[PDB]
Amino acid sequence: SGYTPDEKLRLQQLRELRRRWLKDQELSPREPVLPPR
Amino acid sequence: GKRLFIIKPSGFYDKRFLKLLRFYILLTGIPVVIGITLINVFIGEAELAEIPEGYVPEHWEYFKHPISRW
């Protein structure tokens with residue numbers, strides 16, 4: 001059989017947090033702030 | 001588009017050590033190389049000659065390079 005409902009809920013919440021963390025790894029257009037060389 | 005942050009260890013301290021090592025080596029390396037070049041060009045090396053009769057050389061007159069004699 002498939003997952004339990006508790007396994008499904010934990011997987012859903014972990015996937016949501018993982019996708020938020022992976023989204024937060026993106027770079028801002030101003031980054032990197034290079035010093036004047 | 002789609003630029004990701006790359007997680008890497010702190011490379012600041014290693015580069016700082018390498019820069020300090022290079023600077024403190026070169027700080028006396030460059031004057032010593034310049035001085036050796038100026039010794040070689042303007043002072044120059046000695047020339048082998050037979051001992052004159054009745055003359056005894058000093059103990060440092062048996063070497064060729066000026067720095068070795070010094």
# chains A, B, ... in the order shown; residues from 1 in each chain; ligands from 1
$ closest_atom_pairs --of "chain A" --to "chain B" --cutoff "10 Å" --atoms "only C-alpha atoms" --output "JSON lines"
{"residue": "A:22", "atom": "CA", "partner": "B:4", "partner_atom": "CA", "distance": 9.2}
{"residue": "A:23", "atom": "CA", "partner": "B:4", "partner_atom": "CA", "distance": 9.3}
{"residue": "A:24", "atom": "CA", "partner": "B:4", "partner_atom": "CA", "distance": 9.2}
{"residue": "A:25", "atom": "CA", "partner": "B:5", "partner_atom": "CA", "distance": 5.7}
{"residue": "A:26", "atom": "CA", "partner": "B:4", "partner_atom": "CA", "distance": 4.7}
{"residue": "A:27", "atom": "CA", "partner": "B:3", "partner_atom": "CA", "distance": 5.7}
{"residue": "A:28", "atom": "CA", "partner": "B:3", "partner_atom": "CA", "distance": 8.6}
{"residue": "A:29", "atom": "CA", "partner": "B:3", "partner_atom": "CA", "distance": 9.3}
{"residue": "A:31", "atom": "CA", "partner": "B:5", "partner_atom": "CA", "distance": 9.7}
{"residue": "A:32", "atom": "CA", "partner": "B:5", "partner_atom": "CA", "distance": 9.7}
$ write_last_selection --atoms "N, CA, C and O atoms" --output "PDB file, in the first residue's frame"
ATOM      1  N   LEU A  22      14.671  26.317  -0.797  1.00  0.00           N
ATOM      2  CA  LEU A  22      15.305  26.348  -2.109  1.00  0.00           C
ATOM      3  C   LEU A  22      15.011  27.643  -2.850  1.00  0.00           C
ATOM      4  O   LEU A  22      15.867  28.135  -3.591  1.00  0.00           O
ATOM      5  N   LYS A  23      13.810  28.200  -2.674  1.00  0.00           N
ATOM      6  CA  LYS A  23      13.501  29.506  -3.246  1.00  0.00           C
ATOM      7  C   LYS A  23      14.368  30.592  -2.628  1.00  0.00           C
ATOM      8  O   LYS A  23      14.833  31.500  -3.326  1.00  0.00           O
ATOM      9  N   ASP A  24      14.618  30.503  -1.320  1.00  0.00           N
ATOM     10  CA  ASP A  24      15.419  31.514  -0.637  1.00  0.00           C
ATOM     11  C   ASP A  24      16.896  31.471  -1.008  1.00  0.00           C
ATOM     12  O   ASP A  24      17.635  32.379  -0.620  1.00  0.00           O
ATOM     13  N   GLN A  25      17.344  30.449  -1.737  1.00  0.00           N
ATOM     14  CA  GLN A  25      18.730  30.346  -2.175  1.00  0.00           C
ATOM     15  C   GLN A  25      19.018  31.153  -3.431  1.00  0.00           C
ATOM     16  O   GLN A  25      20.169  31.184  -3.873  1.00  0.00           O
ATOM     17  N   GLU A  26      18.012  31.793  -4.019  1.00  0.00           N
ATOM     18  CA  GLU A  26      18.215  32.571  -5.228  1.00  0.00           C
ATOM     19  C   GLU A  26      18.966  33.862  -4.918  1.00  0.00           C
ATOM     20  O   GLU A  26      19.056  34.301  -3.769  1.00  0.00           O
ATOM     21  N   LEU A  27      19.503  34.478  -5.963  1.00  0.00           N
ATOM     22  CA  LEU A  27      20.316  35.674  -5.824  1.00  0.00           C
ATOM     23  C   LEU A  27      19.511  36.912  -6.189  1.00  0.00           C
ATOM     24  O   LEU A  27      18.760  36.914  -7.168  1.00  0.00           O
ATOM     25  N   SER A  28      19.671  37.961  -5.389  1.00  0.00           N
ATOM     26  CA  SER A  28      19.089  39.253  -5.698  1.00  0.00           C
ATOM     27  C   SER A  28      19.785  39.857  -6.917  1.00  0.00           C
ATOM     28  O   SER A  28      20.937  39.526  -7.204  1.00  0.00           O
ATOM     29  N   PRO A  29      19.093  40.718  -7.675  1.00  0.00           N
ATOM     30  CA  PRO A  29      19.753  41.375  -8.817  1.00  0.00           C
ATOM     31  C   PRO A  29      20.945  42.240  -8.441  1.00  0.00           C
ATOM     32  O   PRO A  29      21.846  42.417  -9.269  1.00  0.00           O
ATOM     33  N   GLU A  31      23.079  41.430  -6.071  1.00  0.00           N
ATOM     34  CA  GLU A  31      24.143  40.585  -5.545  1.00  0.00           C
ATOM     35  C   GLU A  31      24.897  39.905  -6.684  1.00  0.00           C
ATOM     36  O   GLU A  31      24.293  39.535  -7.692  1.00  0.00           O
ATOM     37  N   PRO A  32      26.222  39.710  -6.562  1.00  0.00           N
ATOM     38  CA  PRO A  32      27.086  40.125  -5.451  1.00  0.00           C
ATOM     39  C   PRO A  32      27.467  41.601  -5.492  1.00  0.00           C
ATOM     40  O   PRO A  32      27.640  42.168  -6.566  1.00  0.00           O
TER      41      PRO A  32
END
$ residues_around --residues "stretch 60-66 of chain B" --least-positions-apart "5" --cutoff "8 Å" --atoms "only C-alpha atoms" --output "list in words"
residues 39, 43, 44, 45, 46 and 47 of chain B
$ atom_distance --atom1 "atom CA of residue B:41" --atom2 "atom CA of residue B:24"
26.6 Å
$ atom_distance --atom1 "atom CA of residue B:19" --atom2 "atom CA of residue A:37"
16.6 Å
